[PDB]
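**Student:** fold the following, please.
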Amino acid sequence: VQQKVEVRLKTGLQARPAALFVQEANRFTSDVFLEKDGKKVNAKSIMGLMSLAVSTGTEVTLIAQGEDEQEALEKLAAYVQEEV
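**Tutor:** Numbers count the residues shown, from 1 in each chain. Next up is the structure itself:
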C-alpha cells in the first residue's frame with residue numbers, strides 16, 4: 001500500500017543523512033518513493049536518493065508503498081526537512 005508525505009528536501013539527500021534515509025525507507029518493507037513535487041522515484045533506491053532526494057529544497061513527497069507505508073513515508077519525508 002502506497003502513501004507519501006511531501007517535504008522540502010533540506011537534506012537534499014547528498015549522502016550523510018540521505019543514505020540513512022534510503023536505509024530507513026528501505027528498513028520499511030515498502031516500495032518507498034520520493035516525488036519532487038510529484039516527481040517520484042524509489043526513495044530507498046539510487047534515483048530516489050541521487051535524483052529526487054538530492055534535489056535539496058524540492059517539496060518531494062516521500063512515499064512508502066509497503067508494510068510500513070505510512071511509517072516509512074512520513075518519517076523518511078520528515079527526515080529530509082526536519083534537521084539540516
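**Student:** tell me, what residue is most central in the chain?
**Tutor:** Nearest to the mean C-alpha position of the chain, counting by C-alpha atoms, centre = their mean, stands residue 62 at 3.9 Å.
**Student:** for residue 16, see how far away it is.
**Tutor:** Distance, residue 62 to residue 16, by C-beta to C-beta, to the nearest Å: 17 Å. C-beta here means a position set from N, CA and C on the backbone, and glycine is covered the same way.
**Student:** on that earlier part again, isn't the residue nearest to the centre of the chain up against residue 81?
**Tutor:** No - using C-beta atoms under 8 Å, residue 62 makes no contact with residue 81, being 9.5 Å away.
**Student:** show me whatever sits in contact with both of the two.
**Tutor:** Shared contacts of residue 62 and residue 81, defined by C-beta atoms under 8 Å, 6 or more residues apart in numbering, comprise residue 7.
**Student:** and residue 37, its phi and psi?
**Tutor:** phi 50, psi 30 (degrees, to the nearest 10).
**Student:** what does residue 11 give?
**Tutor:** Torsion angles, degrees, to the nearest 10, at residue 11: phi -60, psi -40.
**Student:** show me the contacts for it.
**Tutor:** 17, 18, 21, 53, 56, 79, 80, 81, 83, 84.
**Student:** mind telling me what element the first one is part of?
**Tutor:** Put plainly, it is residue 17. Secondary structure assignment for residue 17, by DSSP states H and E: helix 16-27.
**Student:** what comes up buried for that helix?
**Tutor:** Of the residues in helix 16-27, those buried by neighbour count under the rule 16 or more other C-beta atoms under 10 Å are 17, 18, 20, 21, 22, 24, 25, 26, 27.
**Student:** and it, how far out from the chain's middle?
**Tutor:** Mean-position distance between helix 16-27 and its chain equals 8 Å (C-alpha atoms, centre = their mean, to the nearest Å).
**Student:** and which of the buried residues of helix 16-27 is nearest to residue 48?
**Tutor:** Nearest to residue 48 among the buried residues of helix 16-27, counting by C-beta to C-beta, is residue 22 at 6.6 Å.
**Student:** which other helices and strands does the longest helix along the chain contact?
**Tutor:** Ranked by residue count under DSSP state H, the longest helix found in the chain is helix 69-82. Judged by 3 or more C-beta pairs under 8 Å, 6 or more residues apart in numbering; DSSP states H and E, the packing partners of helix 69-82 are strand 2-8, helix 16-27, strand 30-36, strand 59-66.
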